[PDB]
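In what follows, a single structure is set out as structure tokens and then discussed.
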Amino acid sequence: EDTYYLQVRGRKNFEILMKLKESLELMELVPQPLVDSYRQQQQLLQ
Amino acid sequence: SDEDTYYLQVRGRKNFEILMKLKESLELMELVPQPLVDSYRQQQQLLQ
Amino acid sequence: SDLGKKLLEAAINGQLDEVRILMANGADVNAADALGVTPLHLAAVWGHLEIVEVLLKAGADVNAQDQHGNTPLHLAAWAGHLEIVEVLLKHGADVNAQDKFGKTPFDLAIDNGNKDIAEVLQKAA
Amino acid sequence: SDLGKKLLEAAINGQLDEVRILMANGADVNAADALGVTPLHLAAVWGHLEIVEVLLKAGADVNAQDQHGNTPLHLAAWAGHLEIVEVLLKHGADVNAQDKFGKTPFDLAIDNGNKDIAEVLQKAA
Amino acid sequence: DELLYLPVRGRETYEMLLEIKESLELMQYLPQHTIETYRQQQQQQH
Amino acid sequence: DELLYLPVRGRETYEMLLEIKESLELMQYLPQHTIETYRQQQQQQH
């Protein structure tokens, strides 16, 4: 789980990928028990 | 608005492969004929 | 997994042979995806003259409209495909067809600098 | 203005004064979000001792369960908040409560290296 | 290519997923050639 | 901020939107300070 670099044409594309980079990276800081609680509800809504 | 190129970095392999798959569709968006984009959008708001 | 789907895919991708074979196995040339986009639309926008012709010959609606009221003539005009524009007019494409923003094929031609095509559409009045 | 959501947001963010004023305007201390997570859960996992105490004093269910059967004791144990664990036990937290994978607060403590907390839970038997 | 229904909490997330969904769903209208051209442009980029 | 249902054509797309939706939806469980800490850490690499 090292650091990967990527580039992107156009400002709007960048600001979207940043917003996602953010939530995806910040995922690691969400307590597992609440993650497990989320996933157990996703099953039942699909 | 500028057609300039931006850099970003990302922790973790799986995060990279997700952002790449999206970079792809987002960048390739520019090459989809506008009339078909407008046709899509007018049906997105028709499903609101 | 659909004959309709396969033919739309072939039209986009300029696979003339593939289009001919799919029609012969009973593909519908007036097949439309979720947005009302037809093989004729897709052949027209991606500049596949020969495919445009086989579809018209095979009974493709020349003034088929998607969600937006885009006709094949709109997309040919948008995309700068003069030879394809000329054929669609021959097969009776409505010059005055309006998309949902009231844009004509003429308007789309102008907005994208397809002057030769705009001149044709103005005179085809 | 729905005071359930506002109180959950405040618990997470350690806003003691905010929590106190929301309760005085009638907020439900047993308010739960889509996942059954309560302000007591959120204060416990993010290490907000004072907020844990005001909620318990105000009649917050000490053994409330989310979708996963996480109790406040589970989340405190998970998160390595010894002081908060001690208070929950005082207010009668079930040491033996099981999440839906059959983990006890004791087990979550061990799994995350909270040995001090595990020793407390073992003897609180 | 069924119409599936994805549950979403809040506008910020809905609006954000809608933007992304659009770029993904609109690529069915690109020639296979055009996409390959682009991935060759990206593998030759690494 | 209620539970909205987003229409999706394609599983590949639904599955892809599902991954992302998770990270975005689960940030509701992070303190404001934790996110700010992260964005300050990202301002550094402009």
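Residue numbers (our numbering), protein chains in the order written: chain A, -4 to 41; chain B, 121 to 168; chain C, 277 to 401; chain D, 277 to 401; chain E, 42 to 87; chain F, 42 to 87.
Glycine is no exception: its CB is placed at the ideal position from the N, C-alpha and C atoms.
Rounded C-beta distance between residue i and residue j? I'm assuming under 8 Å.
i: residue 89/E; j: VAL157/B; result: In the structure as shown, chain E starts at 42 and stops at 87, and residue 89/E therefore has no counterpart that could be examined.
i: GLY323/C; j: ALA355/C; result: 6 Å
i: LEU384/C; j: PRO155/B; result: 7 Å
i: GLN398/D; j: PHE382/D; result: 6 Å
i: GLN129/B; j: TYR(-1)/A; result: 7 Å
i: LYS141/B; j: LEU12/A; result: So it is not a contact: roughly 11 Å between Cβ atoms.
i: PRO315/D; j: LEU325/D; result: The pair is not a contact, with the Cβ atoms about 14 Å apart (cut-off 8 Å).
i: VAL396/D; j: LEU364/D; result: Contact doesn't hold; Cβ gap of about 10 Å is too wide.
Name the two residues that bound the continuous beta strand (DSSP E) containing residue i.
i: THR(-2)/A; result: -2 to 4
i: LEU44/E; result: 44 to 50
What does residue i reach in chain B if we use C-beta pairs closer than 8 Å?
i: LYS16/A; result: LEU128, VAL130, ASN135 and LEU139
i: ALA355/C; result: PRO153
Run through chain F and tell me which residues come within less than 7 Å of residue i, C-beta to C-beta.
i: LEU167/B; result: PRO48
Going straight from the alpha carbon of residue i to that of residue j, what length do you get?
i: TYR55/E; j: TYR46/F; result: 9 Å
i: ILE360/D; j: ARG80/F; result: 29 Å
i: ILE393/D; j: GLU362/D; result: 9 Å
i: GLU294/D; j: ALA286/D; result: 6 Å
i: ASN8/A; j: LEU146/B; result: 6 Å
i: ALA352/C; j: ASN388/C; result: 12 Å
i: residue 403/D; j: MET299/D; result: Because chain D spans 277 through 401 in this model, residue 403/D falls outside it and cannot be assessed.
i: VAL328/D; j: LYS391/D; result: 22 Å
i: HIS367/C; j: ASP278/C; result: 28 Å
i: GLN36/A; j: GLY335/C; result: 51 Å
i: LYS333/C; j: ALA320/C; result: 14 Å
i: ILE297/D; j: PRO72/F; result: 19 Å
i: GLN69/F; j: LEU349/C; result: 49 Å
i: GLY302/C; j: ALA310/C; result: 21 Å
i: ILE288/C; j: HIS344/C; result: 19 Å
i: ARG4/A; j: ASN346/D; result: 44 Å
i: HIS317/D; j: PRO48/F; result: 33 Å
i: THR75/F; j: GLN86/E; result: 35 Å
i: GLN341/C; j: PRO26/A; result: 51 Å
i: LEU65/E; j: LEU58/F; result: 10 Å
i: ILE386/C; j: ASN306/C; result: 29 Å
i: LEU40/A; j: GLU150/B; result: 35 Å
i: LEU148/B; j: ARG6/A; result: 15 Å
i: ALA401/C; j: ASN372/C; result: 8 Å
i: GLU137/B; j: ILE61/F; result: 12 Å
i: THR78/F; j: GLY290/D; result: 16 Å
i: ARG50/F; j: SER159/B; result: 16 Å
i: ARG34/A; j: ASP375/D; result: 14 Å
i: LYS281/D; j: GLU63/F; result: 20 Å
i: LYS379/C; j: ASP304/C; result: 29 Å
Anything in chain E within Cβ reach of residue i, meaning under 9 Å, just list it in chain order.
i: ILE288/C; result: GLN69, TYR70, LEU71, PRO72 and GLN73
i: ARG52/F; result: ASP42, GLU43 and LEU45
i: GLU63/F; result: Going along chain E, no residue has its Cβ under 9 Å from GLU63/F, so there is no contact; the nearest lies around 10 Å.
i: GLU66/F; result: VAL49, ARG50, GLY51 and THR54
Using a cut-off of 7 Å between C-beta atoms, extract the partners of residue i located in chain B.
i: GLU60/F; result: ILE138
i: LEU311/C; result: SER159, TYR160 and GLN163
Can you list the residues of chain A that residue i reaches, using a CB-CB cut of under 8 Å?
i: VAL321/D; result: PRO26, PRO28 and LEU29
i: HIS350/D; result: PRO28
Let's see if you can read the secondary structure: which residues bound the alpha helix (DSSP H) around residue i?
i: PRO72/F; result: That residue, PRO72/F, is in no alpha helix (DSSP H); it is neither H nor E in DSSP.
i: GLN154/B; result: 154 to 164
i: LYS391/D; result: 391 to 399
i: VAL371/C; result: No alpha helix (DSSP H) contains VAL371/C, which DSSP labels as neither H nor E.
i: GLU362/C; result: 358 to 366
i: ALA353/D; result: 348 to 355
i: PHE377/C; result: Element bounds for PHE377/C: n/a, residue is neither H nor E.
i: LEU384/D; result: 381 to 387
Residues of chain E with CB closer than 8 Å to the CB of residue i, please, in chain order.
i: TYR55/F; result: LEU45 and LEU47
By the criterion of Cβ-Cβ separation under 9 Å, what are the contact partners of residue i in chain B?
i: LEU21/A; result: What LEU21/A touches in chain B: nothing, since even the nearest Cβ is about 10 Å away.
Below 8 Å on C-beta distance, what does residue i contact in chain C?
i: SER121/B; result: Result: empty, since nearest Cβ-Cβ is about 18 Å, beyond 8 Å.
Taking C-beta pairs closer than 8 Å, name the residues in chain H that residue i reaches, listed in chain order.
i: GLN374/C; result: The chain labelled as chain H is not found among the protein chains of the depicted structure, namely A, B, C, D, E and F.
Hey, which unbroken runs of the alpha helix (DSSP H) at 4 residues or more fall wholly within the region 281 to 338 of chain C? If we require 4 residues or more, the alpha helix (DSSP H) runs fully inside the region 281 to 338 of chain C come out as 292 to 300, 315 to 321 and 325 to 333.
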